[PDB]
Amino acid sequence: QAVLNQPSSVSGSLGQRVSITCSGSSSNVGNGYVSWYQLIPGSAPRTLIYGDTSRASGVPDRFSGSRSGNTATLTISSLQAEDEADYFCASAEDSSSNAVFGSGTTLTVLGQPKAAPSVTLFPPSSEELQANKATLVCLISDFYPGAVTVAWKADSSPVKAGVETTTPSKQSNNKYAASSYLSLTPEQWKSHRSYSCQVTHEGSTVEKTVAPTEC
Amino acid sequence: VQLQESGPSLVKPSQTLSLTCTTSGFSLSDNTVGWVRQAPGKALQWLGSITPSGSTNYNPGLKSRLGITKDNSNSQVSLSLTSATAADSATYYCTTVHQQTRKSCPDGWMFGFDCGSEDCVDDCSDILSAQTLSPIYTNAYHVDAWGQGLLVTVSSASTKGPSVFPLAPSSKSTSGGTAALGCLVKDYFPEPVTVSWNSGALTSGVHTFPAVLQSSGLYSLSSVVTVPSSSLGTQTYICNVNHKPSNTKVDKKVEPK
């Protein structure tokens, strides 16, 4: 179960060129026949390169593979936003039918237009309230870069318990989205006059508020 | 071509995980099929394959626990792993492997064609009194087609179907001509759940967030869609939740306030 070595992450700007290295010994990469695969979240893995330099079907020309002894390199030229993914090299150790995969490389495509987030705060639904539960759902979408901080308030006093927040992730339009939850009891919900979701993004803070005495 | 994995999404510890891959479009007797997995946030791991002749290859560090079977008539490959631990929770992919045999001569030796042809010789100027050997065939492999994968969770906790609550748009959730609405998928185990809208007829402007593990030990997530605000009285919006670990599908109508 030897692990071929790749950099944990590389970077590159739109339209520029990026290279990803794959290190091995003389018995798995030195023999050659290295393949590369692309893994985009929500999709099945996609075979890019095989036999060191050959492209698979439907692979654009900007993807190219090469080898130089014990280190094979995958180069992606004119970088696009959809190229943000995980890339894995592979090779069979001494041609024993068993193959070893690389440690993996995460590609980041910089230079994308910055975008401020939109925030929506949903109070607990009537259905959830009828089930003796109360969850406030704060949805954040269409922002770049994918770095935000989320704070919860009750009557402007901070709240740190019962909060769950997802790490920002890519949307279909290459922008980022995140979600945050505040799980309360119906008694806690009816207690305070308002609850707030504060979203900080690049020197800006958007605050959305819900009140139990509303819709 | 098509490769579809199937099996239980939840396997209790120390039990035997078993998955089956149903194939179509290449005949299970011509091409070879392999199994690859990947733990969340880790690298791909080769588990093994089965050759068209029925021969099986396994990862050296897991051969004592693995097992692959074939059925050409039903076109189904089977994978088994005993003594399932929490480290075996991963996504398991069904793949088709393609080989490529390259012939070559030993180091220093040369072919008879490059100077009786197939044999490797020790001296080409003599090609008679020189030592003679057979060529060495070595094959390399690359994965051609990947299945969508099946998320398998190894846990002692029990399956639980999801509760679906609507995230309704109101006079404060709008953004001018567009309104955001969704549904909250609460308290399910194990992962994953799949959400769509109007039976896949509403794909523009949809996003489903990653799930979160709560303190109670259950998963929850949300799915949101942005629609024109003028349609909130004409168009009905239904979110279609799918939880294969419990064979549950939920259709929830999202009503505007």
Side-chain angles (χ1 to χ4, degrees), chain A residues 1-13 16-56 59-60 62-96 98-110 146 167 169-170, chain B residues 34-47 59-62 87 90-93 95 97 140-144 146 149:
Chain A
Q1 201 64 81
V3 175
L4 302 183
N5 172 254
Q6 308 177 224
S8 66
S9 67
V10 302
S11 301
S13 301
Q16 286 186 344
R17 183 181 301 273
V18 180
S19 286
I20 299 177
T21 53
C22 176
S23 299
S25 48
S26 305
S27 56
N28 49 34
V29 181
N31 299 146
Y33 301 93
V34 171
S35 49
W36 290 90
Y37 306 92
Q38 183 182 56
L39 280 73
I40 301 182
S43 296
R46 174 193 183 191
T47 302
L48 295 178
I49 303 297
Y50 64 101
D52 288 352
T53 59
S54 298
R55 296 180 182 87
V59 179
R62 66 181 183 275
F63 295 91
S64 68
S66 73
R67 195 177 62 88
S68 179
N70 292 342
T71 291
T73 297
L74 168 71
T75 298
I76 304 172
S77 69
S78 186
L79 205 61
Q80 305 185 19
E82 295 81 357
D83 299 328
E84 299 187 346
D86 290 348
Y87 295 94
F88 289 88
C89 59
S91 68
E93 188 104 18
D94 299 69
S95 180
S96 62
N98 309 324
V100 294
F101 288 95
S103 54
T105 301
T106 298
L107 175 56
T108 284
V109 178
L110 309 128
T167 172
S169 61
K170 296 264 299 192
Chain B
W35 287 91
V36 185
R37 80 179 185 187
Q38 175 186 23
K42 296 190 181 64
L44 290 159
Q45 188 178 18
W46 172 262
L47 294 193
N59 181 269
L62 298 172
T91 299
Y92 293 77
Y93 299 95
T95 62
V97 186
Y141 317 87
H142 92 283
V143 174
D144 177 61
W146 296 77

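Letters A, B, ... mirror the listed sequences (proteins, then strands); counts begin at 1.
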Problem - Test item: side-chain donor near acceptor, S23(A) and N70(A), under 3.5 Å - result: no

Exercise for the section: Consider only side-chain N and O atoms of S66(A) and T53(A), and report whether a donor and an acceptor are under 3.5 Å apart. Expected result: no

Completion exercise
Output for pair (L4(A) CG, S91(A) OG), nearest 0.5 Å, gives 4.5 Å

Handout entry: Parallel, tilted or perpendicular: rings of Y93(B) and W146(B) (30°, 60°)
Key = perpendicular

Completion exercise
Heavy-atom closest pair (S78(A) atom, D83(A) atom, distance to 0.1 Å) is O-OD2, 4.3 Å

Practice task
Starting at CD1 of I76(A), measure out to OH of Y87(A) and round the result to the nearest 0.5 Å.
Solution key: 4.0 Å

Practice task
Step by step, work out the side chain to side chain contact (heavy atoms under 4.5 Å, CB included) result for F101(A) and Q38(B).
Solution key: CA-CA 11 Å; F101(A) 288 95; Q38(B) 175 186 23; over 6 Å; no

Handout entry: Side chain to side chain, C89(A) and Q6(A), heavy atoms closer than 4.5 Å
Key = yes

Problem - Sidechain-backbone polar pair: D52(A) side chain, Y33(A) backbone, donor-acceptor under 3.5 Å - result: yes

Handout entry: Where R55(A) and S64(A) come nearest, the two heavy atoms and their spacing
Key = NH2-CB, 3.7 Å

Completion exercise
Heavy-atom nearest pair, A72(A) first then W36(A), reads O-CZ2, 3.8 Å

Exercise for the section: Report the C-alpha separation of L62(B) and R37(B) in whole Å, then their side-chain angles, then the decisive distance to 0.1 Å, and conclude whether the side chain to side chain contact (heavy atoms under 4.5 Å, CB included) test is met. Expected result: CA-CA 12 Å; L62(B) 298 172; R37(B) 80 179 185 187; 3.8 Å; yes

Exercise for the section: Kindly compute the distance separating CG (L39(A)) from CG (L44(B)), expressed to the nearest 0.5 Å. Expected result: 5.5 Å

Handout entry: Atom pair CD (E93(A)) and CG (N98(A)), whose distance is rounded to the nearest 0.5 Å
Key = 9.5 Å

Problem - Shortest non-hydrogen contact between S13(A) and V109(A), atoms and distance - result: C-CG1, 4.5 Å

Problem - Backbone N/O of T108(A) and side chain of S11(A): donor-acceptor pair under 3.5 Å - result: no

Practice task
Check the pair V34(A), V29(A) against side chain to side chain contact (heavy atoms under 4.5 Å, CB included), reporting the backbone distance first and the verdict last.
Solution key: CA-CA 7 Å; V34(A) 171; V29(A) 181; 4.0 Å; yes

Problem - Rounded distance [0.5 Å steps], CZ in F88(A) versus OG in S103(A) - result: 8.0 Å

Problem - Backbone N/O of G61(B) and side chain of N59(B): donor-acceptor pair under 3.5 Å - result: yes

Problem - Closest non-hydrogen atom pair between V10(A) and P7(A), with its separation - result: CG1-CG, 3.8 Å

Practice task
Over all heavy atoms of both residues, which pair between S35(A) and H142(B) is shortest? Give the atoms and the distance, please.
Solution key: CB-CB, 4.2 Å

Practice task
Please check if the side chain of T106(A) supplies one atom and the backbone of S9(A) the other of a donor-acceptor pair under 3.5 Å.
Solution key: no

Exercise for the section: State, with a plain yes or no, whether a side-chain heavy atom of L74(A) is found less than 4.5 Å away from one of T105(A). Expected result: no

Exercise for the section: Mind checking the CD1-OG1 spacing from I20(A) to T73(A)? Nearest 0.5 Å is all I need. Expected result: 9.5 Å

